[PDB]
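Single-structure report; data block below.
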Amino acid sequence: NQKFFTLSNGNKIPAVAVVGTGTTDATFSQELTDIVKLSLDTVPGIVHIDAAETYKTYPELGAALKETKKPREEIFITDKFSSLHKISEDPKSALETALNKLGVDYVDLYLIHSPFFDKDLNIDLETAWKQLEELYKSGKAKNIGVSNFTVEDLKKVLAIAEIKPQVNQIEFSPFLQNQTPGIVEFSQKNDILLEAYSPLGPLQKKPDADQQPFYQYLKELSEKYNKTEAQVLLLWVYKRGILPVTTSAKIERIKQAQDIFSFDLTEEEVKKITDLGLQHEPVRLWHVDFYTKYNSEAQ
């Protein structure tokens, strides 16, 4: 039984994203399109896809969307305007291009990918957000939000927003519990849903793990529930009220991630994962050059 979050505007979003596209010069990846197609064909329930302008994989997504029999209503498509490194002039141009390449009429969620705008953009945050407000009003973007925004950045948006941002996609894992200072607490208190990218950071840099309380406990829980370590971590993110966004080239891992809601963790277990995580040194996979200076406040 798939679980959903309810956004501030009453819309539902599947509470895990299981297909990501960001996985060399100008090469269409048959391997990627095939895994996305297979996921859409075989994963039960609403398949939440994370796409982004910066990945340059719209053709592969579009081909998969065309060739699957998965109905459009059973797909939740998140897309992201490339603000850090300009590809399009503005959100309206970016989304129009994306819709055509994907062969779809609307995206379910549209995000500003970064608060750090390319110097070559002739558009400011306010103007970009207002474009997202218009895309929301026209129905080209069913829901709108932001990614990697700090509290100060969100406050700038909130000060000028007619339509309040619904989502802030941040890096979040047991080893990075506040991407930037206080972001989690602020977002949750202001009814902005957090998505957590790279939630499995701990299992992509596993060192002497056998000696470490965190990994010992994670193995204990895996054995208790007969679920993977990954499944336990993804479920923990959900139990923290956050929407985990995951990837994989293994269909069985993709299916396992979708199936995390087949079990539950006790309050004690959630708190223990949190606390053992917080006593670990930060691990940061994204926006490294911008946000390393915040590592000291992450835990």
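No lab work stands behind these numbers, since they all come straight from the coordinates. When we count neighbours, we look across all protein chains shown, and the Cβ atoms used for this are built from the backbone with ideal geometry, even at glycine.
To the nearest 20 debye, what is the magnitude of the charge dipole of the chain about its Cα centre, counting +1 on the Cβ of each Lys and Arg and -1 on the Cβ of each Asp and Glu?
Here the chain has a charge dipole of around 400 debye.
How large is log10 of I(q)/I(0) for the range 107-194 at q = 0.13, 0.21, 0.25 Å⁻¹ when the intensity is taken from the Debye formula with one equal scatterer per alpha-carbon?
With no solvent term, the Cα-only Debye profile gives -0.41, -1.02, -1.33.
In deg cm²/dmol, rounded to 500, what helix-only [θ] at 222 nm does the chain give when every DSSP H run of at least 4 residues adds -39500 (n - 2.57) and the total is split over its residues?
That calculation yields -11500 deg cm²/dmol at 222 nm.
Residue by residue through the range 4-21, which ³J(HN,Hα) values in whole Hz follow from phi under the Karplus form 6.51 cos²θ - 1.76 cosθ + 1.60 (θ = phi - 60°), with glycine and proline marked x?
Each residue of the range 4-21 in turn: 10, 8, 9, 6, 4, 9, x, 6, 9, 10, x, 7, 9, 9, 10, 10, x, 9 Hz.
Need one number: nm distance between label points at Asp208 and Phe4, each 7 Å from Cα along Cα→Cβ, rounded to one decimal.
It works out to 4.8 nm between the two label points.
Using θ = phi - 60° and the Karplus curve 6.51 cos²θ - 1.76 cosθ + 1.60, what whole-Hz ³J(HN,Hα) does each residue of the range 88-102 get, with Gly and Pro shown as x?
Going residue by residue, I get 10, 5, 6, x, 5, 5, 4, 5, 4, 5, 4, 4, 5, 5, 7 Hz, with x marking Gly and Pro.
Amide H to amide H, which residues 5 or more places from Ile75 or on other chains are under 5 Å from it, using H placed in the peptide plane?
Answer set, sorted by chain and number: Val47.
Calculate the FRET efficiency for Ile160 and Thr27 from the Cβ-Cβ distance with a Förster distance of 51 Å, rounded to the nearest 0.05.
My answer for the efficiency is 0.80.
When all alpha-carbon pairs of the range 1-147 are counted, what percent fall beyond 19 Å?
Counting every Cα pair in the range 1-147, those more than 19 Å apart make up 51 percent.
Percent antiparallel among DSSP beta bridges with both residues in the chain, to the nearest 5?
Counting only bridges with both partners in the chain, antiparallel ones make up about 15 percent.
How high is the relative contact order of the range 77-202, in percent, with contacts defined as C-alpha pairs under 8 Å that are six or more residues apart?
21 percent
Could you let me know the centre-to-centre spacing of the range 66-105 and the range 245-299, using Cα atoms, in angstrom?
The distance from the Cα centre of the range 66-105 to that of the range 245-299 comes to 27 Å.
Quick one: Debye curve from the C-alpha atoms of the chain, no solvent, what's log10 I(q)/I(0) at q = 0.09, 0.10, 0.11, 0.16 Å⁻¹?
Evaluating at q = 0.09, 0.10, 0.11, 0.16 Å⁻¹ gives log10 I(q)/I(0) of -0.42, -0.53, -0.64, -1.40.
Which ³J(HN,Hα) values in Hz, rounded to whole numbers, follow from the phi angles of the range 240-247 under the Karplus curve 6.51 cos²θ - 1.76 cosθ + 1.60, where θ = phi - 60° and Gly and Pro get x?
Per-residue couplings from phi come out as 7, x, 10, 9, x, 10, 10, 9 Hz.
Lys224 label point, 7 Å along Cα→Cβ, cut-off 11 Å on backbone N: hits in the range 242-268?
264-268
Quick one: putting +1 on the C-beta of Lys and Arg, -1 on the C-beta of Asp and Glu, what dipole do you get for the range 1-59 around its Cα centre, in Debye to the nearest 20?
Dipole size: approximately 320 debye.
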